[PDB]
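Chemist: Sequence, then the experimental structure. Questions to follow.
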Amino acid sequence: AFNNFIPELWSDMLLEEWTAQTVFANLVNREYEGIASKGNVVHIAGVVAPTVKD
Amino acid sequence: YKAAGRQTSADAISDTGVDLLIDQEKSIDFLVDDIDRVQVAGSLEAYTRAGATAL
């Protein structure tokens, strides 16, 4: 009967592309971001501990 | 007037002229890269003042 008055509909929402879960940026250290607001190298120094004497 | 007998006849006037040509058109045009703007030690607005000083 209704060849002309039953609509086809489009969802107003796009279906997201899946990709993969990202994890590594939460798992590594982020503390050097603050100093790194400028420049192109961060220099990171570590302590050589003083030795224990008898 | 004395060499002319005592005759006088009217000359046509005329003008001279020079053209001011407004023919110089000069420009400054440069990029400030966003990576550079972020990575340098301070403000790059000294390059806008350098461009104005050059014109």
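Modeler: Arrived safely, thanks for sending. Numbering: from 1, shown residues only, chains lettered A, B, ... in the order given.
Chemist: so residue B:37 makes contact with residue B:44?
Modeler: Yes: between residue B:37 and residue B:44 a contact is recorded at 6.0 Å, counting by C-beta atoms under 8 Å. Any C-beta I mention is one placed from the backbone N, CA and C, and that applies to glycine too.
Chemist: how would you label the residue in chain A that chain B sits nearest to: helix, strand or coil?
Modeler: Closest contact between chain A and chain B, by C-beta to the nearest C-beta, is at residue A:40 (5.3 Å). Following DSSP: H, G, I helix; E, B strand; the rest coil, we place residue A:40 in the coil state.
Chemist: For it, give me its contacts.
Modeler: residue B:39 (C-beta atoms under 8 Å, 6 or more residues apart in numbering or on different chains).
Chemist: From residue B:55, how far off is it?
Modeler: The gap separating residue A:40 from residue B:55 is 32 Å, by C-beta to C-beta, to the nearest Å.
Chemist: go on, residue B:28?
Modeler: Taken as C-beta to C-beta, the span from residue B:28 to residue B:55 is 6 Å.
Chemist: who has more neighbours, these two?
Modeler: The neighbour comparison of residue B:28 against residue B:55 (other C-beta atoms under 10 Å in any protein chain shown) goes to residue B:28, with 12 against 7.
Chemist: Please, which helix or strand holds the closest residue to the more buried one other than its chain neighbours?
Modeler: The spatial neighbour of residue B:28 that comes closest, neighbours along the chain excluded (C-beta to C-beta, 6 or more residues apart in numbering or on different chains), is residue B:51 at 4.1 Å. Element membership for residue B:51 (DSSP states H and E) is helix B:46-54.
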